[PDB]
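> Pasting an experimental structure, sequence included:
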Amino acid sequence: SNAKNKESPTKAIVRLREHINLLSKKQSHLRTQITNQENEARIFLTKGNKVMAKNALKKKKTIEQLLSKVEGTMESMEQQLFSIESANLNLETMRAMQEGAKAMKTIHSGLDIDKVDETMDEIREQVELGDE
C-alpha cells in the first residue's frame, strides 16, 4: 500500500527513463543523418557544385533544428525525472534522519538517571578539556 505507492512512483520514474532512452535513440538517428548530410555537402564541394552543397547544408541545418528540439525535450525530461527521484531520495533519507533523532529522544526521555543528551554535552566538555 505505502510500498504499493512507493513502487508506483518508482515505476513512474521508470516510464520517464524509457522515454529518455527513446529520445536518445532518436537523437543518435538524427546525428547519423546529420553526418550523412554533411558528407554529401562535402562531396558536392569536391565536385565544385556549391549551389547543391548549400542546399545539402540547408537540409543539414533543418535536421540540426530538429536535433535541438529533441535535446531540449530530453533535457526537460531529465529535469522532471531528477526532480521526482531526488525528491523521493531526500524524503526517505530525511525520514531516516528524523527516526534516528526519535530514537535519541526515546533514549534521552527513556532513561530516568540522568538526562542522556545533557550528559553527552557534559562529557563532551570533559573530553575536550583533556587537551590542557
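Received, thanks. Residues are numbered from 1 along each chain as shown.

> from here on, contacts and neighbour counts on C-alpha atoms
OK.

> Check which helix or strand residue 22 maps to.
Using DSSP states H and E, residue 22 sits within helix 2-47.

> Could you identify the helix or strand that succeeds that helix?
helix 50-110.

> helices or strands next to that next one in the packing?
helix 2-47, helix 116-128 (3 or more Cα pairs under 8 Å, 6 or more residues apart in numbering; DSSP states H and E).

> could you give the angle of the first one to helix 50-110?
What that stands for is helix 2-47. 160 degrees (axes from the mean of the first three to the mean of the last three Cα atoms, to 10 degrees).

> Start the count at 59 instead of 1 going forward.
Yes, from this point I'll number from 59; that puts the last item at helix 60-105.

> same for helix 60-105, what does it pack against?
Helix 60-105 is packed against helix 108-168, with contacts defined by 3+ Cα pairs under 8 Å, 6+ apart.

> distance of residue 161 from residue 178?
Distance of residue 161 to residue 178, given as Cα to Cα, to the nearest Å: 15 Å.

> Alpha carbons only: can I get stretch 160-177 in PDB?
Below are the C-alpha coordinates for stretch 160-177, written out as PDB (Å, rounded to 0.1, in the frame of the first residue of the first chain):
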ATOM      1  CA  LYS A 160      13.300  10.000  17.600                       C
ATOM      2  CA  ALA A 161      15.400   7.100  18.800                       C
ATOM      3  CA  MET A 162      17.700   9.500  20.600                       C
ATOM      4  CA  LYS A 163      14.600  11.300  22.100                       C
ATOM      5  CA  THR A 164      13.400   7.800  23.300                       C
ATOM      6  CA  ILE A 165      16.800   7.100  24.800                       C
ATOM      7  CA  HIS A 166      17.000  10.600  26.500                       C
ATOM      8  CA  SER A 167      13.400  10.600  27.700                       C
ATOM      9  CA  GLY A 168      13.600   6.900  28.400                       C
ATOM     10  CA  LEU A 169      16.500   6.900  30.900                       C
ATOM     11  CA  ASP A 170      15.500   8.500  34.200                       C
ATOM     12  CA  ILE A 171      19.100   8.700  35.500                       C
ATOM     13  CA  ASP A 172      20.100  11.100  34.100                       C
ATOM     14  CA  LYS A 173      19.300  13.300  31.000                       C
ATOM     15  CA  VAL A 174      21.200  11.400  28.400                       C
ATOM     16  CA  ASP A 175      21.500  14.300  26.000                       C
ATOM     17  CA  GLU A 176      22.600  16.800  28.700                       C
ATOM     18  CA  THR A 177      25.300  14.400  30.000                       C
END
